[PDB]
Structure formats: C-alpha cells, structure tokens
Amino acid sequence: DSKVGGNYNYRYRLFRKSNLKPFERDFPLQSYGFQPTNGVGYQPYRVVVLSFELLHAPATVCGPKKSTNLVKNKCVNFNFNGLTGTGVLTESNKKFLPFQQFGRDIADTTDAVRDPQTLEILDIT
Amino acid sequence: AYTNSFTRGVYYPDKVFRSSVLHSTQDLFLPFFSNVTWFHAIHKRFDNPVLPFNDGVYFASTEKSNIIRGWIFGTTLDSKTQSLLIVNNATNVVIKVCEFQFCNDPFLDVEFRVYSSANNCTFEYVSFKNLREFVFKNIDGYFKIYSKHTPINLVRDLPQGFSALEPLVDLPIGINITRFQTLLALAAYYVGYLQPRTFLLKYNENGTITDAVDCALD
Amino acid sequence: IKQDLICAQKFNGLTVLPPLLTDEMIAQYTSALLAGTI
Amino acid sequence: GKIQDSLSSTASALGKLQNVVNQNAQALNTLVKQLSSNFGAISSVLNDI
Ligand SMILES: *[C@@H]1O[C@H](CO)[C@@H](O)[C@H](O)[C@H]1NC(C)=O
Ligand SMILES: *[C@@H]1O[C@H](CO)[C@@H](O)[C@H](O)[C@H]1NC(C)=O
Ligand SMILES: *[C@@H]1O[C@H](CO)[C@@H](O)[C@H](O)[C@H]1NC(C)=O
Ligand SMILES: *[C@@H]1O[C@H](CO)[C@@H](O)[C@H](O)[C@H]1NC(C)=O
Ligand SMILES: *[C@@H]1O[C@H](CO)[C@@H](O)[C@H](O)[C@H]1NC(C)=O
Ligand SMILES: *[C@@H]1O[C@H](CO)[C@@H](O)[C@H](O)[C@H]1NC(C)=O
C-alpha cells in the first residue's frame, strides 16, 4: 500500500472538538504521507481488531472441536459453548423460554443449560 | 397528551431462568408511574411526529383493526445516514437498513408511501381489543426488540396491570439512532423513555416474573 | 439427608452437621425433668 | 391455658430464637453471595478465568 507517487488515499482526522466515545466513527481530515522511501514507523501498517463479545448469549462463532454423544445420570466434565465445568446432567423440567440458554444459581454459578445441538433444558448438579 | 404509566416497561433483563426468587438487576428500564406521551388515531387525528430516541424507548399500542404497522429509526432520516425500517405489511414482516429518503409524512394505506429511495442497503430480512408492548434498545451496535401481545377490553387508556416482556429479535444494525417515528395505516399509542434503574423482580415457581419493584420510585 | 436456598448453600461445600441429640432425646430429657419436678 | 392461647396468638414471643436461626442463615447467605463478587478480576467465575 505504498505506491511510489504517494498513497494519499489513506487519511486521518487531525482535529476534533472532543474525544469521541469508544467504537465511534465520523480541513479536519489530512492525508498520510505514505511513500516507499518512508522509514520504519512512518510506513503504512494495516491493523485489524477482533472485538468479540462473550457475555452469556447464544454463541455462533468458535473453533473446531468435535462434539460427542451426551450422557445422563453420570457426572462428567462438560464444556457447552465454552462454558466449562463438572457435574451430573439430568433432564430438567425448568422451562426455559425460547431465548434463554443458560440458567445460573444464587452463587452466580451455572445450574441449567440448553444443549447447542438439541433444544433441551438440562439441569447440572 | 400525557398518561401515568402505572405498571409497565418491564422486560426479562437476561436470558437466565429463575424461579421463586427475588432478583436485583440494573438495566435501562422504564420508571414506574411516569408521564408517557400519548398519540391518537381518530377517524381527524393522524399525528405521526418524529420523537427523539435516547437510552432506549418503550412503546405501547392499544389497537383494533391493526392500525400501527411499523417504525422507522435514524438520526437524519434524509438518506445522509443509514436508517432501520421495520414494517408489517399485508404479506409479511420486512426489516431493512438503508440510506432511505423519506417522505415528510410516511404512512400505509388499505399504498406504501413511506420512503422514496434506497441508496445503500446493508442488512435485510423478510419473514380497543388488542395491546402490544415493545421495548427497543440500541447497545454497542446491537438493536434489541422485546415484544408482548395481550387481549384487552378498554376504551381510551393504558390498562392498569402487570405483564413481563419477552425478547423476540436482536439485530446487528450497528447504526447511529437519535430519532424515531411510528408507521400508521390509513387506535392509540404511548411512548416512554427508558432510564438506567435498578429493579427487583419476583420469579414464581413457573419462572414467569410476577412482581417488579423500583429502587428509587419513593 | 440431602438427595432451593438450602441446596444452593450446600453445593458450594457449606454443609450442616446434625446435632447429636435429636429432638426425640431432647423431648425425653424434658419429660424426665418434668416428671422429677412433679 | 392462657399460655396455650398466647403462643397460638402471637408469633413475636419467640423472637430471641428466630433472631438466632435467621442469622445462621443470613451469614451463610452473604457467604454464598461473595462468590458472585469479582474482587477486581475480569470475571468472577473460576471456569471462565
Ligand atoms: C449520532 O447522531 C447524533 C445526531 O446527529 C450526533 O449528535 C452523534 O454525535 C452521533 N454519534 C456518532 C457516534 O456519530
Ligand atoms: C444439527 O442439529 C440439528 C438438531 O439436532 C439437526 O436437525 C441438523 O441436521 C444437524 N446438522 C448437522 C450438519 O449435523
Ligand atoms: C407529570 O405530570 C404531572 C402533572 O401535570 C406533573 O406534575 C409532573 O411534573 C410530570 N412529570 C414528568 C416526569 O413529566
Ligand atoms: C411487503 O414487503 C415485502 C418486502 O419489501 C414485499 O416483498 C411485498 O411485496 C410487500 N407486500 C405488499 C402487499 O406490499
Ligand atoms: C453509498 O454508495 C455509494 C456507491 O458505492 C458510495 O459512493 C457512497 O459513499 C455510499 N454512501 C455511504 C456509504 O454513506
Ligand atoms: C403455574 O402454572 C400452573 C399451570 O397453569 C398453575 O396451575 C399454577 O397456579 C401456576 N403457579 C404460579 C405460582 O404461577
């Protein structure tokens, strides 16, 4: 991105009345002097920020891990969409509304989970 | 006009099931007994003004014959910036985020005279006797819509009762919203402004919250 | 015998031991003392 | 007999007892409630960390 003539298509906001709020987007706009002869620190550098948000909400994006057959009555190590723990899994009558996927106890600890493969609510003890 | 919002504006704050427990939660909720603004659809009266949208808004609609049919959200509403348009037309429900060019008075007829141009479209999806409670919220690029329907037999006021609100859809529109305007078909509709408040919710054994308490009402 | 607030307390390692003298032996002691007094 | 009606009528006469038992629960309650506290970390749950 450092054409010899000067890649002036890239530019930054030089002046602004006040500091902008986080994750906001908007002569106040001045072009970068990107040229191939520019030294280190002055060269063009591309930047990509992965701002993934992970509050307990239906997850949709994550890495390659093979799911396996779910077992009941026998307490095991478990990991549901990154939520790791250990306990027994039992059929639960606690009717999650169609948006709920996890349930938490008084101790801010998980006690009910909705399986990401079968839409069933299971109690963890 | 103004009306006392006796017991409304409450929604499930999170996606966690609880039962027989009192839970405290800080979230953008509608304060109880507030002066919600009242608009009418008579005969004569067809007011559809543009209302500011800050910190989320609670909408209530006492309707018969399905008069209220959508909403628009934006900050300029003149194609200079993006805008989110939600419509429930006679075939289906359509949501669409584009730099729409809007008319001064957008409305539907039983026509679709709501916008005149759609330059840059990014997100798109296509699917008194009644009362509809909605709570709209725009947080960090995600626009959440809570929605509940309830039968009523009342003439010209919001019923005095309690009913929790359940989320239906969350949209990654990511657009700047400052104002909004409801879409009418050619009933009554109340608008209230949400504030950051701490609440106390009473879950019953069935898990449906039955009572709500303010921490700062009095 | 655990097989709710009580269950939530218990699960985190906060267990309750039973008193040695159950209510029956306490009632027997009370009855004995009462009979002696009367 | 007056005692029998009194204990059948009022519930506060046994306050000195309930004040004990309630506290035994209440302290336990807050002893669990501190689990939700983060104490300055980025998350208050161990498995998350
Ligand atoms: C959103 O629009 C309003 C009104 O035009 C403006 O005051 C505000 O700065 C905008 N926010 C961002 C992040 O651009
Ligand atoms: C994923 O799970 C659902 C529900 O069990 C099932 O209907 C679907 O066929 C599954 N898809 C794949 C690719 O396994
Ligand atoms: C609501 O209306 C009453 C009566 O006119 C007025 O006294 C009060 O200040 C209003 N409150 C709000 C929040 O607008
Ligand atoms: C309703 O809106 C959808 C989406 O734009 C459109 O395809 C459909 O034709 C509309 N129906 C009517 C009756 O206008
Ligand atoms: C709308 O799209 C046109 C064509 O790509 C572009 O020139 C213009 O900058 C866009 N407007 C926006 C993104 O606000
Ligand atoms: C729970 O729902 C059942 C089924 O309608 C009902 O019989 C019962 O009274 C409800 N209990 C509570 C506390 O809401």
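Per Swiss-Prot, chain B residues shown: 27-69, 77-143, 156-172, 186-244, 263-294, in order.
Method reported for this entry: electron microscopy, 4.4 Å.
Cβ coordinates come from backbone N, Cα and C, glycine included.
Remark: B:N61 (N-linked glycosylation site) has B:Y28, B:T29, B:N30, B:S31 as non-local neighbours, by Cβ distance under 8 Å and separation of at least 6 in sequence. Mapped onto three states, the DSSP output places B:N61 (N-linked glycosylation site) in strand. The N-linked glycosylation site annotation in Swiss-Prot covers B:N61 (among others).
Look at Swiss-Prot and you will find B:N122 (among others) tagged as N-linked glycosylation site, backed by experimental evidence. On its own chain, B:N122 (N-linked glycosylation site) has B:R102, B:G103, B:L141, B:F157 as residues at least 6 apart in sequence with a Cβ closer than 8 Å to its own Cβ. DSSP assigns B:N122 (N-linked glycosylation site) to coil in the three-state reduction, placing it in neither a helix nor a strand.
Annotated disulfide bond per Swiss-Prot: B:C131-B:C166, in sequence order, evidence recorded as experimental evidence. In this structure, B:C131 (disulfide bond) is part of a beta strand by DSSP. Counting only residues at least six positions away in the same chain, the Cβ atoms of B:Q115, B:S116, B:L118, B:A163, B:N164, B:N165, B:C166, B:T167 sit under 8 Å from the Cβ of B:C131 (disulfide bond).
What Swiss-Prot lists as N-linked glycosylation site is B:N165 (among others), and the listing cites experimental evidence.
Among the features that Swiss-Prot reports, N-linked glycosylation site is placed at B:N234 (among others), with the record citing experimental evidence. When secondary structure is read from DSSP and collapsed to three states, B:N234 (N-linked glycosylation site) falls in the coil class. Other C-beta atoms found within 10 angstroms of the C-beta of B:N234 (N-linked glycosylation site) number 16, with every protein chain shown included.
DSSP assigns B:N282 (N-linked glycosylation site) to coil in the three-state reduction, outside any helix or strand. The N-linked glycosylation site annotation in Swiss-Prot covers B:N282 (among others) and is backed by experimental evidence.
Closeness to ligand 4 is met by B:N122, these being the glycosylation sites among B:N61, B:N122, B:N165, B:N234, B:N282 whose Cβ falls under 6 Å from the molecule. Close to ligand 1, meaning a Cβ under 6 Å from one of its atoms, are these of the glycosylation sites B:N61, B:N165, B:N234: B:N234. Under 8 Å, Cβ to Cβ, and six or more positions away along its own chain, B:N282 (N-linked glycosylation site) finds B:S45.
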